[PDB]
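Peer 1: sequence, then structure. It's an experimental one.
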Amino acid sequence: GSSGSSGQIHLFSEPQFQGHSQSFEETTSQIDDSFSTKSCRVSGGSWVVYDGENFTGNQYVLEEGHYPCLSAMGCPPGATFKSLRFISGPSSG
C-alpha cells in the first residue's frame, strides 16, 4: 500500500549517545523497564515519545537528526518515555 524511506529511532539512557542504548524500528508501546533516555537519534521519519503507557499523556515528536541532550529535543529535565510511534513523515501517495 504505502512504502518509501525506512525509519528508525535510537535512544540512549545516558546523554551524548552514551550508556544504555535501544533502537526501535517499529511502533513501540512499552520501553524496556521504562529505561530513561537523555539523548536520542532519529533516522527516517519523525518519532513521538509519550511519558505515559499506551501512547497516553504528553507527546513529544522528534525530527530527523542527532539529539545529544534533551534540551535540544525540547523534553524537560527528567522525562521518561514509555511508548513510541514511528512517523512516516513523508509519503509518496
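Peer 2: Received the coordinates, thanks. Numbers count the residues shown, from 1 in each chain.
Peer 1: could you find the closest non-adjacent residue to residue 73?
Peer 2: residue 67 (4.7 Å; Cβ to Cβ, 6 or more residues apart in numbering). Quick note: C-beta positions are derived from backbone N, CA and C, even for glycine.
Peer 1: which residue ranges form the strands in the protein?
Peer 2: 8-14, 18-24, 39-43, 46-50, 59-60, 65-67, 83-87 (DSSP state E).
Peer 1: reformat those as TSV; add distance to residue 93 and mean neighbour count.
Peer 2: Listed next are those as TSV, based on distance: least, Cβ to Cβ, whole Å; neighbours: other Cβ atoms under 10 Å:
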stretch	distance to residue 93	mean neighbour count
strand 8-14	22	19
strand 18-24	25	14
strand 39-43	22	21
strand 46-50	18	21
strand 59-60	25	14
strand 65-67	25	15
strand 83-87	16	20
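Peer 1: out of those, nearest to residue 2?
Peer 2: Set against residue 2 and scored by Cβ to Cβ, those come closest in strand 83-87, at 12.9 Å.
Peer 1: great, nothing more from me.
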